[PDB]
Structures are given as structure tokens and as C-alpha cells.
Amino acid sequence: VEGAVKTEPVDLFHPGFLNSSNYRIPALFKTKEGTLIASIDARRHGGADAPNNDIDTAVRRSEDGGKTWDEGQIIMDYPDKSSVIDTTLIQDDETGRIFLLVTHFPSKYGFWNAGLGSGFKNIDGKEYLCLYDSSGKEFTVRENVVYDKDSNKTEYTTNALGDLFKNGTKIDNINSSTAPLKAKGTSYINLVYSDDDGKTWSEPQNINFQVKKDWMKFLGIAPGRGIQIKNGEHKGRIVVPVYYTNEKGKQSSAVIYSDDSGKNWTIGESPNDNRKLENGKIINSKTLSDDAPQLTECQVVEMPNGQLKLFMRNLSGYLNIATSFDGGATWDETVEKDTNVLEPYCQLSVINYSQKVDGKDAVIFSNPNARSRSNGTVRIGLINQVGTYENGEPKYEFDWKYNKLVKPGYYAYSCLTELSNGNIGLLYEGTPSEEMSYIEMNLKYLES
């Protein structure tokens, strides 16, 4: 229709960009300055997940609203098939700091074979990364100095990237397959930040010691974006979707969050903790032993009063939505199944939108609208209060009033952003692991 905008796709990442053969897992975010940041996995040896790859994190920026993009940079690169996989972007509006978080595995490890726990040990009230030698002896890293089990200083030190130094000379990296001292083979959550609008980034912080429990095997970023709460008692809290497995391998979603501008982090409960299933059975993420109630990758949005909604990948075939009254610390016992939105067991994107649509607060949603990874569809969901919970809190559901096919054929992971002009940017997997496509759409298009 006249005035509708749906730009022709641009291959924002593609084979050969930054000398990477493959790409997957988009994240897209507009900074407070108006810059678009796109992050992605630069998968160097094909499309496969860790551990069958060597994956780096790449970033591109656009200062002109997505019309032109920079030459990119690699911001995290570990050696020897140690991978960083699944990025997420968020910003602290009060400081201007941009955060990127990602899951990190040492060489040989990934989702399926992650070891139990954080990889840290408490010594006299501080958490220290453990290292292991060839015989299984345990060491700790204390302010980047390696101590043996008897609390004697060794000749080894580390840095934030895991390089291993013997008397100040680099000999290996604790994430490699060859180092004489290795980190535990499990997932770690890495955090980097930028104070210059994404131009430069810090070296990673390993926040596992704060967010990963002793009974979790995998704990990973749920890729896409986070939020900063705008309304209510938890205003300012930075919320980052995650998911984990228990000792039985079963997956549950959650959020990690920070009340101090990213300095310290906490993991909240899962919606699977004290979840009431359809006919009244109560489960818990620690004990979940069945595949059917699993909740995996997820993205979060905020309701007008500050209530959180966690949109989750799951095994029901349809969207699942959890509700939190307390800023992501806990969730209501009922997980909604929204049978108006197919969910083929794939990542999804959902964002708040800044302007009302048809008199209602609205969200924008993207996923493959099928029983397979196809029929990529962007939706406008109008928020309606439908009653109240027993505790008096408002109960909100979505009216998926506008639903637009944007990508016939293959469509897998995606990430949305609102643009400075009120339009919508979208970065999506329109191929399995090669070209990653960026488009801009306006609401005239989406509503047509």
C-alpha cells in the first residue's frame, strides 16, 4: 500500500564477512544515542553448535538508523574450539553503558555435556575459579594468581580471557584442549560492556559465581535482547533472559538481573519453580524429570504497571507466557499457552513498542509461524487487561491483531528493535547458517 515500507533484505552477516564461513544467532538493539548494534555468532567451521565448532562474537554498528553499517569487529575469540555462543544486548539508560552477554564453553564442551555447577569454589567467603591439572588436582584463581589446594602460590597466573602465564610468559589458555591447567568443562556466562556506544568493548567478566547454582548443568543466555524496567518498584533493574538444565538434563527458563547498573547479578526463579500444570500437578525446575513441561530460550517484555511477561520456547507447539509481579524474582504458578501463536520449538523475539496502536499498549513479536522453521511472521500484539489475579494484580493477555508474513520459506532465530523513526528493524536467520538478513518495516506495512 502507498507509504508502506518493507526494505529489501540486506545480508548484514554472510559467508566471508570478517573471514567467517558461517553465522547464526542474531541480536539487534538501538542504543539511547540512536545507533543500531547487531551481534551474532561468527561460526568458523560450519553452522553447528558448540562443541562442534569454534565460534567468536561479532558486532556491526549503524549510526544512520540501519541504512549503512560499519566494517564489523570480533569482540570475543577463544582458541582451540572454545566457543562463545548466543549473545544478548541491553543498555543502562542512566549510565549509557551497553552490555553484551554470551554463553562460553571451554574446548570440547557445549549444551549437552556441560558439567555440574559454576566452576567456582568458595574459599573463606570469596568465590574463585577452579583449575584442574592432568591428575585432577584442584587449584583456584585468586585475583588472577593460581593457588594450589594447600593455598600455596604457584608460578601460574591468568587473565580475563583465560590466558595462562608461567612466571609472566604466556604458555596456553585455560579454555584450550592442551593447557596444563584447565577450567571445568561447563557453561559460563560472560559479560562485556561498552561506554562509547558500541565502538569498543571490555574484556569478559565471568559471572557464573553469582548466577549459576550447584545443581545446574547448562546455564546459558537466551539470545536476543534484555530489558531495563521502566515502571514501578523495580525501575532501573536490568533483566536478561536465560535458561538452564538440571541434573536430569531438563530445561527451564529464567532471568538474571542487576539492580546496580550491571555490577552484580542475581538469577531469579524459573516459571517452572512451583509451576501448576494444567490439571494441578506442581513441578520444580530442580526436580523436573519430564520433557513435556520444559521451558527454554525466552524473551521478556514489560506491562504498563511494571509486570513482566516471559515469552518462552517450549514443547507444546504454541507460545507460552509467564508472569512476574516482583521484577523477575519469581513467577505466577500458571504458564499461559497462547494457542493463537504457533511455536515450532525455536527462538522468538518480542519487544515493547513505544507508541499505542489502536488505543492500546502494544508489543512486536517475531517467530516462524508454522510447525517448522518457516513462514517468518511479525505480529503486533495489543495488551488487554482481562481481569485480576487472586492477589489483586492485573491480568494481561495479548490480542494478536496484526500478523504479517515477512519471510516465506526458511525462518529460524530473529531479533527485533524499534527504530528512532518509530519503525521496526529485524535481523533474522533466513538461511540456516549463512546470510543473516536485516530489514526495516513500518507499521503501515505491518498493519496492511
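In this text, residue numbers run from 1 along the sequence as written.
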{"query": "147-155 versus 92-100 - which carries the larger mean C-alpha B factor in the record", "finding": "147-155"}
{"query": "Stretch exceeding the other in mean C-alpha B-factor - 112-120, 82-90", "finding": "112-120"}
{"query": "Peak C-alpha temperature factor (PDB record), options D41, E33, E418, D399", "finding": "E33"}
{"query": "Maximum C-alpha temperature factor, selected from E333, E302, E138, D163", "finding": "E138"}
{"query": "Modelled-residue ranking by C-alpha temperature factor, third containing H45", "finding": "highest"}
{"query": "Within-chain third of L28 by Cα B-factor, per the entry", "finding": "lowest"}
{"query": "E429 CA temperature factor, ranked by third within the chain", "finding": "lowest"}
{"query": "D56 - which third its CA temperature factor falls in, relative to the rest of the chain", "finding": "lowest"}
{"query": "Assigned third (lowest, middle, highest) for the C-alpha B factor of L131", "finding": "middle"}
